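*Asks:* experimental structure and sequence below, a few questions after.
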Amino acid sequence: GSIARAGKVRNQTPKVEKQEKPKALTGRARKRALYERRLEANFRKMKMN
RNA sequence: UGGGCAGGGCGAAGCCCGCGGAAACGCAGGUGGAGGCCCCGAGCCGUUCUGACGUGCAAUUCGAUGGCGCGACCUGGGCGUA
RNA sequence: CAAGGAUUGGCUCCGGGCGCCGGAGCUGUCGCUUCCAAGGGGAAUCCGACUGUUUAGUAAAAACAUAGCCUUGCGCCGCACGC
RNA sequence: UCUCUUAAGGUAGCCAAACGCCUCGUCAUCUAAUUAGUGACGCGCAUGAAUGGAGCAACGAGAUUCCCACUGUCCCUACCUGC
RNA sequence: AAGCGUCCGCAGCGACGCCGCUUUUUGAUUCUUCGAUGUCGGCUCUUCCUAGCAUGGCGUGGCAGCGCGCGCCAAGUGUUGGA
RNA sequence: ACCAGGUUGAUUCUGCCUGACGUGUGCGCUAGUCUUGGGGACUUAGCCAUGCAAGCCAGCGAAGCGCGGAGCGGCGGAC
RNA sequence: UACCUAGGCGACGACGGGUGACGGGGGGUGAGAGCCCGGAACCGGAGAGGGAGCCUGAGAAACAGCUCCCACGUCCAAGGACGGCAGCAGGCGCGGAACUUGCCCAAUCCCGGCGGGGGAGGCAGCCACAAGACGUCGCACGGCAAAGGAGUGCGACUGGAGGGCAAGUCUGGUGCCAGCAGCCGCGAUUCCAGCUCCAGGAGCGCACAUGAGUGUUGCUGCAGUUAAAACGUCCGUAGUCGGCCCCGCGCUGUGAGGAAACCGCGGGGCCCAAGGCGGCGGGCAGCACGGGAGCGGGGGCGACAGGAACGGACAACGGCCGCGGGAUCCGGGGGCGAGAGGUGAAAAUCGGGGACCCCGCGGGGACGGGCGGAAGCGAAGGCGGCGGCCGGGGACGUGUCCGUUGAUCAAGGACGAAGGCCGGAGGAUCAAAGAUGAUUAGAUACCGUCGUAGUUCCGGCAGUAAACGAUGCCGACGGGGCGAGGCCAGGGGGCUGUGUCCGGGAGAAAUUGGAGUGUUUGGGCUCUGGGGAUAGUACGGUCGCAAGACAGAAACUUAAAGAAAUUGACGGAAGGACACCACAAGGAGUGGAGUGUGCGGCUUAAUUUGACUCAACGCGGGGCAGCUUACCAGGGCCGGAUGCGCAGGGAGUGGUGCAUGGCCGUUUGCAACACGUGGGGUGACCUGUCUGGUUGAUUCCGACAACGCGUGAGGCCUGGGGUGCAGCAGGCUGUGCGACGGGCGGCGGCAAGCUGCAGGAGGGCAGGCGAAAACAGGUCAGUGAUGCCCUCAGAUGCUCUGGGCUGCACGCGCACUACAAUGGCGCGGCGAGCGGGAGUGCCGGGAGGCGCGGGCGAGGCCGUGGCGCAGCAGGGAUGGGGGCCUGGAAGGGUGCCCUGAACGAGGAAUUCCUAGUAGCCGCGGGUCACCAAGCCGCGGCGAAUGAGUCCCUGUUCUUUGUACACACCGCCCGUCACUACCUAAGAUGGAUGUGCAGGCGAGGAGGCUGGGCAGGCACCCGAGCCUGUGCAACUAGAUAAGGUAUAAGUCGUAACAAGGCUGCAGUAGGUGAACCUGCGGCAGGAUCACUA
Ligand SMILES: [Mg+2]
Ligand SMILES: [Mg+2]
Ligand SMILES: [Mg+2]
Ligand SMILES: [Mg+2]
Ligand SMILES: [Mg+2]
Ligand SMILES: [Mg+2]
Ligand SMILES: [Mg+2]
Ligand SMILES: [Mg+2]
Ligand SMILES: [Mg+2]
Ligand SMILES: [Mg+2]
Ligand SMILES: [Mg+2]
Ligand SMILES: [Mg+2]
Ligand SMILES: [Mg+2]
Ligand SMILES: [Mg+2]
Ligand SMILES: [Mg+2]
Ligand SMILES: [Mg+2]
Ligand SMILES: [Mg+2]
Ligand SMILES: [Mg+2]
Ligand SMILES: [Mg+2]
Ligand SMILES: [Mg+2]
Ligand SMILES: [Mg+2]
Ligand SMILES: [Mg+2]
Ligand SMILES: [Mg+2]
Ligand SMILES: [Mg+2]
Ligand SMILES: [Mg+2]
Ligand SMILES: [Mg+2]
Ligand SMILES: [Mg+2]
Ligand SMILES: [Mg+2]
Ligand SMILES: [Mg+2]
């Protein structure tokens, strides 16, 4: 039965929770909070992550 | 060598005309009247009733039903085959 | 005549291409091929192709015949499409 | 695939068929119910190719089953007429 | 009466064996019939038997009831329509 | 007025698939405010409890106690 | 309705069917042409459960009116009475899918002659359904029919992070599982989470549909040689298209009239915006007016339009008649005398009953060789001896005629190879089927033999081909060259066919005078294609005697299938070249025997383990008594540091060489590899790097769209021989010289070079380094080279002891010693090189021992004595007893005596080798306490034979083929067998819609009447039911056939290479199955090629 493989390998996932939230700014504020990063690298060819 | 065998039905070729077609031809309406065609009359026969009868009308008949009914027929006489 | 349906009398007319055909009207206790005469039909199977033939007197058949198909013999026959 | 054996090993077809013993075969259909009928299936006792096989258009007083309609065949008899 | 039947041989069964009865099966035989006793089934119609299916009365149960089993007496009346 | 990925060892094609965009129908997750619009058309022109949806009047004017409002009459209900 | 005409419509698509179809204003989407949608505001239509009939009224065939029928539903006191929400809310059901049983006539309007009514309608509520704008709690005010909101007024998800596609080769889990992913794809950069990041953002994702993407529907604007696709040919009607000159209609301009919404535009500070509101526009192949051109009508030309005529030619054009040719086969005669036939080889078969062969005669059918070709003709299929008849044909020539008669085609008609079918005739060859003889693993095939249909003719059917130029017809235009057509002209000429070559242009390319004049896209007409598979299959139809033909889907399934070319690889393709992991000519062998050793297997407590074709198997320098040593039985010991029992380091001959480094092997015993620049091609690529010749060599000569370089090869380095000088003492080691293929002869000549001889010590001496690319080669067991995984105290650590690595029914590799007389044994004699350390005296029979201590030499050969063909004095295996050596320890070694095995020349197979070589023969070194039958070296003796060839194996090159690219151990086809899905068939059915026809027939208007509000009668409308039937669409079904997908199992191997029988399609038959066979085609062939 391969459905016996279906649930325990789902249950083989470890559960690592969320961090404490640095409540993320929304809207034009986030569009500025990425635009600060767009000017730090002189534009192109930017490593974003 | 003679003779016998209602009446209908279906509608084959061929033909005529109309329509269609470039042509080949195709439809349609008449005409025609073929066929071991169809229903059947006289007649013939013998399917069924396993009817009647079954010391009978009759040493095989009767009735109804049925089949055939211009034929590969039936029939008188003559003749042949014992 | 696949199956299946409608109609059908009498009378009085009208029309036609007038031995007949079509139509209309009237009429009967709805009834009309009025008696007589006169197919029951459908779906299939088996067998024999068919029409025909047969056990006169228990069998009419699927049997026999048939055309077709085939084989055989025969050039001393009726003459090979022949017997 | 191997092997034995025959003159050759049943081909195309067709079938519990009028040909199947088992057998009222098995499945389907038909029915309330079917040893029947039909359609399938085929290791077919013992189907099969002019000893003709398969095939059903048409035909049939042939053999068989179902349906419709019909009916004294029956339920279940009764009455009438002639002789 | 080995065993089964919750325990329990006999409520009801009952192996292994044994004893009978019947002439409703089929044999066995060949006594009667071959100078013929019409041979299956059905239909029809009457009667008889009981080894009793129903109906009447009972006894028994591992019979609460309902039902079912087992046994007894009794042959009066019954014992169908179909594919 | 646009292409991109995908057949191959690589190539050039044909070729279709897929991505990329709008639209409307439904689903899903999510959601602070306001304005505006839409909403049992698709399947079932399926079935319907209950209430309401088309009434009105000036002619004549009864009961009832001049007021009155019944019925007749009229108009609409076919929009 | 009565009577009478025979009409009416249709490929300009009638009629019938379908529609999950109300139409339109419009909407969506695209640059546009278009495509798609319009339930939905407004307009028109239609309906009120299905129907039908009607009353009233101006208006209804009304339905929140009536009458009846039908289907559902309700109440009843059982007599009867009712219900039609496709009105508004609301409920149920349906489904993916859609709101409150709220308030009110305040606004918009309607009915009513006003006070009234209005679920029309508005307001609010519900809903992220949509558009727009903007962020990350309670008074007063305000508005409101009323309330609430607006307006003052105070106190962050959604999806993703491999590519397309923006953003992670971070962390943990998962290990082809789970899962993810539109496509490609991943199995940890793709799963599941965390983080971070990206995208859009109060929104976002998904599914479905549609548009664009798409010039993949092509009017604009495709494609049809080979990718899917020109119908076999010709005729042919509608249709569509169509020469020149010389009032009507098309077309077109403006204008009318045409609803708003909408849309386009324009304003317009609703706070902005979407808006509101106001301007202006568009729409229509209808109408009116205008229009210089175009078309008709009618004449005139007579078209490098056509038809007709004529002329001389030309013609494998057809039909028929006649003549003829030789060959195959048969009959018959004569000769001959043993075979013949047939094959890769044979067999079957016929042969003294005279075959075969030779010669004559005869009969019969079929067939035209050579000439015969990129030559002719025909519309295609097709047409080939000769003569004649009848008929036809195109081209040419022409002041001949006609004058637009034309082009192309649905429908229709005719012809149409082979095979097939029918009837008749005939039957020589060949030959499906069938039968045999072989081949083969099998062989139903290929090969041999035989043989029926058939092949042949006549009359008909059939109507198909790779019917191909895989290329429709007509027409205009477009480069040269060479040809072997026909006619004409006479002036390397013109017409018309026909090939070919080179360019242009085109094309994805191969290629191509059309496949050109194509995004600068438009000549006409017809047909076809729209990813693959299903499938040219099914159903229906038409045709056919049948075979089948024509025509022609879908369900399900799939991300590729395909084209042309490039580079490889491969080929039972051709041609080369080369080699003792080749062969010939040879030599010695191996495999046989015993032993030594290695491998497997088995056993075992363990018999550690790597490696298994060359490139595993005396290999791991692997000759193991301990150690080595990884294994087994035990015992010790903790190199378990370090950071506050845990963390973590460290260790491991534990695992993984498919995680690696390094090294080594193999391709190699090769000759290949690459760059710079330029050229060819759209490109991958090619040239350079080569036709040929040459070389061990891609070494060079040479021609060359290449030119120059670079690795490798060579040069080189070491040893070897000859001697010049120098130095010094089994003579030693420095420095040079010496050979280069130089000279000569002959081939080849820009030659490179090859080959013989002379000269010479020497004319390919032996090694060394050794390119690029690979391989899942080997090594984690060389490593203080190592990632990762596992183990770490009862250890997979280290160490000790014992055992094993040495076990043994057996299979195998490599060697050793032999089988003897070319020998063996016993003495005497002569005796090497590498290596240069070792000898000596004494004891002992030997092995060995002891003490000093600068210090070595073999088998053999020669001479000679014995044995004397014998399992023998060959052989020395096995075993017994004794003596020693090494070591802690003998299974080790050595020595002595004795025992004395197989083996009498070794099956199929198979290795190595060309001169001081093979072989024989020892010696020394590595390993080593002890030990070599091994390895690496060394010398002694010393051949045979080729001076080659690709036969066999391989490698390599050229050309070619390829459906291979994991690269032939590849790819691939079909049956069988299992499961799943789907479609068609299928006796027997089943249910629904709809239309006809008939039967019965409720009700009802009007008329005629009446117990004059009843009832009756006839007519008319007519539901509803019943029966029969048509059409449309659906479904059950025993059985049975396909298709597709399965995990791929069995059987083969049909195709791809000459795929091992060239392939393919047609047709016919046959076979388990791909398929085989016959006939005729075709090249898409393995041939562009020969009396030139
Ligand atoms: Mg007759
Ligand atoms: Mg008769
Ligand atoms: Mg008679
Ligand atoms: Mg009749
Ligand atoms: Mg009939
Ligand atoms: Mg008969
Ligand atoms: Mg008789
Ligand atoms: Mg016959
Ligand atoms: Mg059979
Ligand atoms: Mg039966
Ligand atoms: Mg019966
Ligand atoms: Mg026979
Ligand atoms: Mg028989
Ligand atoms: Mg008869
Ligand atoms: Mg008697
Ligand atoms: Mg008697
Ligand atoms: Mg509709
Ligand atoms: Mg609409
Ligand atoms: Mg093609
Ligand atoms: Mg002779
Ligand atoms: Mg032919
Ligand atoms: Mg023929
Ligand atoms: Mg014939
Ligand atoms: Mg032959
Ligand atoms: Mg068909
Ligand atoms: Mg190709
Ligand atoms: Mg040890
Ligand atoms: Mg060794
Ligand atoms: Mg082949």
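*Replies:* Cool, the structure landed. Residues are numbered from 1 along each chain as shown, chains lettered A, B, ... in the order given. Ligands and ions are numbered 1, 2, ... in the order given.

*Asks:* mind listing residues that contact the lengthiest helix in chain A?
*Replies:* Using DSSP state H to define each element, chain A has its longest helix at helix A:28-40. The contact list for helix A:28-40 (Cβ atoms under 8 Å, 6 or more residues apart in numbering) reads A:24, A:25, A:46. For the C-beta atoms, the positions are set from N, CA and C on the backbone; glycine is no exception.

*Asks:* run the last query once more with 6 Å
*Replies:* Residues from elsewhere that reach helix A:28-40, judged by Cβ atoms under 6 Å, 6 or more residues apart in numbering: residue A:25.

*Asks:* is RNA strand G within reach of it?
*Replies:* Yes - Helix A:28-40 reaches RNA strand G (Cβ under 7 Å from any atom of the strand) through A:28, A:29, A:30, A:31, A:34, A:37.

*Asks:* any idea how many residues pack against the first one?
*Replies:* Applying the criterion other Cβ atoms under 10 Å, we find 9 residues in the vicinity of residue A:28.
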